[PDB]
Amino acid sequence: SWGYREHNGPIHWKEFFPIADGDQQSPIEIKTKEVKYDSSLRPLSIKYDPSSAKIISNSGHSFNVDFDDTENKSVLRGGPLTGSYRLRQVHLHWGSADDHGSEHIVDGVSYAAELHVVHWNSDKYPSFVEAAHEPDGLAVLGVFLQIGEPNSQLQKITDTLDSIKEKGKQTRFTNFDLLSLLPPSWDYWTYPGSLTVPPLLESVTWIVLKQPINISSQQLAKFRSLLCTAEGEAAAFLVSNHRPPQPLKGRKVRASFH
Ligand SMILES: COC(=O)c1ccc(SCc2ccccc2)c(S(N)(=O)=O)c1
Ligand SMILES: [Zn+2]
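Residue numbering for the sequence shown follows UniProt numbering, starting at 5 and increasing by one per position.
In structure tokens form, the structure reads like this:
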């Protein structure tokens, strides 16, 4: 089964998931001088209720903060999107080294980590699972993290990691102010792409914010202490969980700014 280790890692996913070689795969290299400013794009409009977060868990591939998506208390609107997309989950990608941890790469710069905020089109589809199978079903906001001052807005997360060390562990996680984790500028790039983990579905409108947020090296090192293995299996650590960049295949990357 899939992961980021030598025998089950990204380079081997195309052996098992046909879509891994598809024409709309993510993540990509963003070349900032080659991106097209598009005046038809709209500003992002975000409303994230701190009561929406409920549980944090170790999936074996990252931590996952799950939100109550029963109704439209937390939504993303605007940007390239038609209608309202409902907040479902947040997770993080990193590498074994602080200078090569992100999924998207900007003018050759890989950041220390990348946060993904996953949302689904509830205006058109009745659930996350159904939306995940349609070209306009999902929207993922990407936020880069760069090494710097410790981020006090990550402290709630790092405090829980000891209780979710093994794959499948979960703990209560509520009153989380996700809005305060985002950077002050909501300028972004966008393109059509895919999930960056199996099943690699081509259902994602990517919105990658230009402005990175900070994290300390100590904070980021704590994530690598999560395991990719369950209780009572031989332990292996989740030291890296990012997919390499995929061919653009004629897709247009657009910028909200110039
Ligand atoms: C190591 O990274 C991850 O674990 C991870 C987990 C879930 C999701 S999207 C939710 C999802 C996918 C598949 C099935 C159910 C939910 C993504 S992504 N990078 O495509 O935004 C990445
Ligand atoms: Zn992700």
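C-beta: ideal position from N, C-alpha, C; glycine also.
At least one heavy atom of ligand 1 lies closer than 7 Å to the C-beta of residue 66.
Setting aside the 5 residues that flank it on each side, residue 50 is surrounded in the same chain by 80, each with a C-beta closer than 6 Å to its C-beta; the list follows chain order. Shown here, residue 227 sits in a helix according to DSSP, grouped into three states. When the beta-carbon positions are compared, residue 61 and residue 157 stay at least 8 Å from each other. Annotation for residue 95 indicates a beta carbon within 7 Å of some heavy atom of ligand 2.
Uninterrupted alpha helix (DSSP H) stretches at least 4 residues long and entirely within the segment 123-186 occur at 132-135, 159-164, given in chain order. For residue 216, the CB contacts under 8 Å within the same chain, skipping 5 residues up- and downstream, are 115, 147, 148, 149, 150, 187 in chain order.
As the crow flies, the alpha-carbon of residue 126 is around 20 Å from that of residue 182.
Residue 93 and residue 77 have their C-alpha atoms some 14 Å from each other. Within the same chain, and ignoring the five residues on either side of residue 46 in sequence, the residues whose Cβ sits closer than 7 Å to its Cβ are 82, 83.
Per DSSP, the continuous beta strand (DSSP E) segment holding residue 94 begins and ends at 88-98. Approximately 12 Å separates the beta-carbon atoms of residue 255 and residue 193; this is outside 8 Å, ruling out the contact. Taking residue 118 as reference, the option from 245, 251, 252 with the minimal CA-CA separation is 245. When rounded, the separation of the alpha-carbon atoms in residue 239 and residue 11 is 16 Å.
Taking 8 Å as the cut-off, the Cβ atoms of residue 207 and residue 135 count as close.
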